[PDB]
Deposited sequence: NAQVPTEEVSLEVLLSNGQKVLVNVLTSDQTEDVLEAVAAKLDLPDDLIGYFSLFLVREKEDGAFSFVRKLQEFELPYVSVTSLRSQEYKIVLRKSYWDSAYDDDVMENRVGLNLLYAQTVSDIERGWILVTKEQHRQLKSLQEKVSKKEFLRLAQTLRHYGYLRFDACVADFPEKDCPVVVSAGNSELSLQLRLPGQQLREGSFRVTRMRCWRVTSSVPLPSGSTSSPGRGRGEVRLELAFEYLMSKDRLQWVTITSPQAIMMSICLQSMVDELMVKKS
């Protein structure tokens, strides 16, 4: 792409707009740094956050497409799709909530975690009851952002990424499911199954050839993981989802974080 200065909108998880001036030829880290500068996030906290390509739904919720990689040009990544529904989003990009401690030491870091946690509750990524949700929105007014976050850390699926409803062949073929990734596992809510990353020997992403529109082609995508169901017994579990690649990215990211910890 010819180098040119452009304006790029980056959204926070709750849809708040952060406008930055960047180059068409700037890569992910350059854009991330520009966003961090605009927000006054310290350099030493940048590594706790990433940029994601998402589709924004009518209701304002985000369906995550991918985490932008180092070689990518975010302006190009989003513009090349030629649709205003696609957005670049900044979100925390680690899994273990222990790292929240590092981020919350800074006011801007804490504000970012608070913002995305409030939106995670609002969008049902964090699982609470109708009554609990009522209480939370109240506590929200009455407690500090820090106190709110410390409570949120104990809530079901805090720190998980939720995917659009899809289907899986666990427990039976073509079962409707909601998949979420977090805490070193994949959660399948059908009843629930919890599949630990450390018990996955491998996973595979597969796609059909592109098919005529039922002017966009369609592809049938699957993520299958080979799971140690019990001693010496491996079993493939297959999820059919347009977000199979994002799921694969989350599995890799969770495995990577475990390895970094191990080292």
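Regions of the deposited sequence not represented in the model: According to the deposited record, C-alpha coordinates are absent for 1 to 3, 194 to 200, 225 to 231, which together make up the missing parts.
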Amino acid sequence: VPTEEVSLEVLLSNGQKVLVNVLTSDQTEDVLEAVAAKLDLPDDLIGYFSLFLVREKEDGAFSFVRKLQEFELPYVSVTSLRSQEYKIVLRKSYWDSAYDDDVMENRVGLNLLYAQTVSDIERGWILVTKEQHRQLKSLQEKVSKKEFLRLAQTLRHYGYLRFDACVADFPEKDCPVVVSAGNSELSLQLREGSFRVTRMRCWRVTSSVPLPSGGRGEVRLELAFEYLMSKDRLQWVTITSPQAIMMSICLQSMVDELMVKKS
From here on, numbers count along this sequence of modelled residues.
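Stretch exceeding the other in mean C-alpha B-factor - 245 to 253, 21 to 29: Comparing 245 to 253 with 21 to 29, the higher mean C-alpha B-factor belongs to 21 to 29.
Which of 236 to 244 and 9 to 17 has higher mean CA B factor, as the PDB entry lists it: Stretch with the higher mean C-alpha B-factor: 9 to 17.
Candidate residues 67, 199, 57, 231, the one whose C-alpha B factor the record puts highest: Answer for 67, 199, 57, 231: 57, with the highest C-alpha B-factor.
Residue of maximum C-alpha B factor among 207, 213, 63, 50, per deposited coordinates: Comparing C-alpha B-factors across 207, 213, 63, 50, the maximum falls on 213.
Third assignment of residue 71 from its chain's C-alpha B-factors: Ranked within chain, residue 71 CA B lands in the highest tercile.
Chain third (lowest, middle, highest) by recorded CA B-factor, residue given as residue 170: Top third by C-alpha B-factor.
Third assignment of residue 145 from its chain's C-alpha B-factors: Its C-alpha B-factor, which the entry lists for residue 145, ranks in the middle third among residues of this chain.
Third of the chain's Cα B-factor distribution that residue 110 belongs to, per the entry: Its C-alpha B-factor belongs to the middle third of this chain's values.
Position of residue 221 among the chain's modelled residues by C-alpha B-factor, lowest, middle or highest third: For residue 221, the deposited C-alpha B-factor lands in the lowest third.
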